[PDB]
Number of protein chains: 2
Amino acid sequence: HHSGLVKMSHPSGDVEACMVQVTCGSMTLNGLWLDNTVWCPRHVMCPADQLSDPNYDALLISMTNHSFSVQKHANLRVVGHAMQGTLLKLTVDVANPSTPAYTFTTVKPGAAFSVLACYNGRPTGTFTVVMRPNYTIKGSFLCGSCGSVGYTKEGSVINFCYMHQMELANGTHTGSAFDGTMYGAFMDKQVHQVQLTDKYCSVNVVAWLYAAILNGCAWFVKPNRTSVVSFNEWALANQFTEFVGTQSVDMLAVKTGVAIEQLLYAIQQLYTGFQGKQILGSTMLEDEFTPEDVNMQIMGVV
Amino acid sequence: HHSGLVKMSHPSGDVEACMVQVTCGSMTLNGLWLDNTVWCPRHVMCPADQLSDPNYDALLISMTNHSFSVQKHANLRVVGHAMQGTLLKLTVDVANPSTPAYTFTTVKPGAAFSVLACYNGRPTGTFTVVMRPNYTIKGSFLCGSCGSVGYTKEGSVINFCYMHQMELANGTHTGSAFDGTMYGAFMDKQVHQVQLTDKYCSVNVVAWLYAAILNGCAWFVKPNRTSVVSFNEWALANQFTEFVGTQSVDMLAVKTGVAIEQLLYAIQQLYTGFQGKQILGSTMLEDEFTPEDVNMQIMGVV
Ligand SMILES: *[C@H](O)[C@H](C[C@@H]1CCNC1=O)NC(=O)[C@H](CC(C)C)NC(=O)OC[C@@H]1CCC(=O)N1CC1CCCCC1
Ligand SMILES: *[C@H](O)[C@H](C[C@@H]1CCNC1=O)NC(=O)[C@H](CC(C)C)NC(=O)OC[C@@H]1CCC(=O)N1CC1CCCCC1
């Protein structure tokens, strides 16, 4: 029995109309054109012989408005440039007429968002990821994908949360919020950096076990229970995030009649081994589906 | 090490501009508005007390142009109606000004395409699936999602290949090509139907093993080889599709120096068991990534 759970991305059309190409010398990447501002990563000002330890403050001071070319596939003339964190704030003389209602927000570990992978300002593909506990994502990015944006949707409002910056040694990726901060402790310099450990997202595993119950698969459900506090002490020693219940998880507990504490106990035993059995066709715990994913895709509850 | 392989969907914006709502009495679903034609499933003419054995020819004869309401979220006045297979061909008096360059094509088993899940003509999410060998897909569809379209992209041309129709007993889904034929042997009537067996897509497993080699994971690669003909005889008895090499798989063999016949042998042994080891973090064979997926996402080769 198929679970009905796919990696679901938002429709990207609203964001595709906001993507441009930002070129600064010998560097090209993607920018996000909202109103009169174009956001893009600041290492577009970096000469290829300086990516390892660049001086972005001196590079910015060296830049003029004629140093930035912005193109949409229209050409946008630049009249202002500023730098917030790892991001450039380019002011263009034309406001984007396709600008959607938008906010900026930072995504927390475990939460999912949609990514629009672009190259030379041309959207190539879209996909959805979960912010890993070590503030990376398991994305699909190649050379020139920087400036690709990640977002969630709330009604007609688009919450921009991620602008792609770099690929770590292990093949995962990270980027910046639109306040300029890189996610985690990473820096936009091409030097080897320490990567924090990854962890199972406990809340996302609980959501996934609820989806199995929602699909009739419930052999793991036993009357035994583990308190949230006892599970969290257990989680610290077993590479699991500590569990924080939400109203979306409560919705899953209500519809199923299975308490969170039962699934916490289930996770503790399933972590020792699936014993040959399978859950939704998987032999390992799944933490890539959020409670909102299970609520929306199985129950039509947004 | 992360593989860089995500479930990648095309950007949906071009298709979102083609989605409308088609209502016919007490039935509503989604339609695809291209030029002066709106396509939608023909069970929009079905009264809810007739979904099990409907007479679509009599239902069509009973329909007039005033029986079809088409809305985009503009209202489209209907001036013609026809029925090809399981699909309605509604003629509207306004041509879609956002009509992209498009063809219709049928998708073969193993090949992937992008789906735009809509409800009441409003695009809600996008996701990519592979046509299963039994002509189903493991999608994410709820009540009212019928009329959602599946497509591939070749340049600026959109190849429409799937319009959602039904959910089988096992939770998988199927639909129709735009010639009117349902995929497989299914019929758009709400009666229980036989479902053909599913099979591993051999070509997609070979592509996935090449992606592991592309990521440095190659412990399964032994000098032992299995001819394509010997593997195909083996595949018929082991729920694998027969392997048909393509120029995209040849590209993978060239870049890696690993022959198809070695991976065919690898699949034969891996099918007996992974022996505790993992490939790209998986303990079972993966057939949900096509050679084009591995070519594009890992090698930038479209
Ligand atoms: C921007 O388009 C680009 C996107 C990259 C290309 C490959 N996949 C992507 O997602 N980003 C960079 O090339 C980026 C620019 C820097 C100025 C931040 N550098 C980068 O990703 O280089 C590899 C990164 C640099 C830090 C790091 O940990 N890392 C890998 C290590 C591996 C061990 C040697 C040193 C680099
Ligand atoms: C159209 O919006 C809708 C989409 C469905 C709703 C649930 N998920 C979807 O993808 N399609 C239908 O409701 C469809 C309409 C029919 C006129 C074709 N009927 C349907 O999917 O019903 C269940 C299907 C009918 C054939 C079949 O095998 N099947 C399940 C069996 C299960 C055993 C009892 C009989 C139905």
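Starting from one equal scatterer on each C-alpha and no solvent at all, send me the Debye-based log10 I(q)/I(0) for the range B:210-277 at q = 0.21, 0.27, 0.29 Å⁻¹, two decimals.
Treating every Cα as an identical point scatterer, log10 I(q)/I(0) equals -0.94, -1.34, -1.40.
Given H placed on each backbone N at 1.01 Å, which residues far from A:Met83 in sequence or on other chains put an amide H within less than 5 Å of it?
Excluding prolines and chain starts, which carry no amide H, the hits are A:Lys89.
Give me the Debye-computed log₁₀ of I(q)/I(0) at q = 0.10, 0.12, 0.15 Å⁻¹ for chain B, equal point scatterers on Cα only, no solvent, two decimals.
Listed by q, the Debye log ratios stand at -0.61, -0.81, -1.09.
With a 10 Å Cβ neighbour count serving as the proxy for reagent exposure, in which order, fewest first, do B:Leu214, B:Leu29 appear?
The most exposed by this proxy come first: B:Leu214, B:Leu29.
To the nearest 20 debye, what charge dipole does chain B have about its Cα centre, counting +1 at the Cβ of each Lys and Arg and -1 at the Cβ of each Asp and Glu?
Computed about the Cα centre, the dipole is about 360 debye.
Measure off 7 Å from each Cα along the Cα-to-Cβ vector at A:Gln269 and A:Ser156, then give the distance between these two points in nanometres to one decimal.
5.1 nm
Please get the size of the charge dipole for the range B:1-78, origin at its Cα centre, with Cβ charges of +1 on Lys and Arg and -1 on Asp and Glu, quoted in debye to the nearest 20.
Details: 4 positive and 6 negative charges, 37 e Å.
Roughly 180 debye, rounded to the nearest 20.
From zero outward in steps of 5 Å, how is the percent of C-alpha pairs of the range A:150-302 spread across the bins?
2, 8, 16, 17, 17, 14, 13, 9, 4, 1, 0
For A:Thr99, which inter-copy label distances result when the label point lies 7 Å beyond Cα on the Cα-to-Cβ vector, reported in nm to one decimal and in ascending order?
3.4
When the Karplus curve 6.51 cos²θ - 1.76 cosθ + 1.60 is applied with θ = phi - 60°, which whole-Hz ³J(HN,Hα) does each residue of the range A:206-211 get, with x for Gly and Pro?
Those phi angles translate into 4, 4, 5, 5, 5, 5 Hz.
Where does the range B:17-100 land on Rg/Rh, using Cα atoms and the Kirkwood Rh?
Looking at the range B:17-100, the ratio lands at 0.96.
If you wrap a convex hull around the alpha carbons of the protein assembly as shown, what volume per residue comes out, as a whole number of Å³?
Once divided by residue count, the hull of the protein assembly as shown is 160 Å³.
State the residue of chain B whose Cβ is nearest the axis carrying B onto A, and the distance in whole angstrom.
Axis-proximal residue of B, distance in whole Å: B:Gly13, 1.
Using each residue's phi in the range B:231-240, evaluate 6.51 cos²θ - 1.76 cosθ + 1.60 at θ = phi - 60° and report the 3J(HN,Hα) Karplus result to the nearest Hz, with x for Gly and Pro.
5, 5, 4, 5, 5, 4, 9, 9, 6, 10
How about the range A:164-240: which chymotrypsin sites (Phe, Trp or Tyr not before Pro) there lie in a loop by DSSP and see at most 12 other Cβ atoms within 10 Å?
Here the chymotrypsin sites (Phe, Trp or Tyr not before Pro) that fit, given the DSSP loop and packing criteria, are A:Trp219.
Run the helix sum for chain A: -39,500 (n - 2.57) per DSSP H stretch of 4+ residues, divided by residue count, reported at 222 nm to the nearest 500 deg cm²/dmol.
That comes out to -6000 deg cm²/dmol.
Only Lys, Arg, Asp and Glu count, each charged at its Cβ (+1, +1, -1, -1), so figure out the dipole size of the protein assembly as shown about its Cα centre, rounded to 20 debye.
Charge dipole, the protein assembly as shown, about its Cα centre: 180 debye, nearest 20.
For the residues A:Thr105, B:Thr174, what sequence is obtained by ranking on other C-beta atoms within 10 Å, fewest first?
A:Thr105, B:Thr174
For B:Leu60, place a label point 7 Å from Cα along the Cα-to-Cβ direction in every copy; what are the distances to the other copies, in nm, shortest first?
Its label point is 6.6 nm from the equivalent points in the other copies.
With the label 7 angstrom out along Cα to Cβ, how close does A:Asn75 come to the same site in each of the other copies, in nm, nearest first?
Counterpart label points of A:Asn75 in the remaining copies fall at 4.6 nm.
Could you list A:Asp49, B:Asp35 so that the one with the fewest beta carbons within 10 Å of its beta carbon is first and the one with the most is last? Present the calculation step by step, with values, prior to reporting the outcome.
Working: A:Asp49 8, B:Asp35 12.
Listing A:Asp49, B:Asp35 from fewest to most nearby Cβ atoms yields A:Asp49, B:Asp35.
Please list, in order along the range A:101-115, the HN-Hα scalar couplings obtained from phi with the Karplus expression 6.51 cos²θ - 1.76 cosθ + 1.60 (θ = phi - 60°), rounded to whole Hz, x for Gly and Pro.
4, 9, 10, 9, 8, 9, 8, 9, x, x, 7, 9, 7, 9, 10
Cβ atoms come from the backbone with ideal geometry, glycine included; neighbour counts cover every protein chain shown. Read-outs: derived from the displayed coordinates by stated rules, not from any lab.
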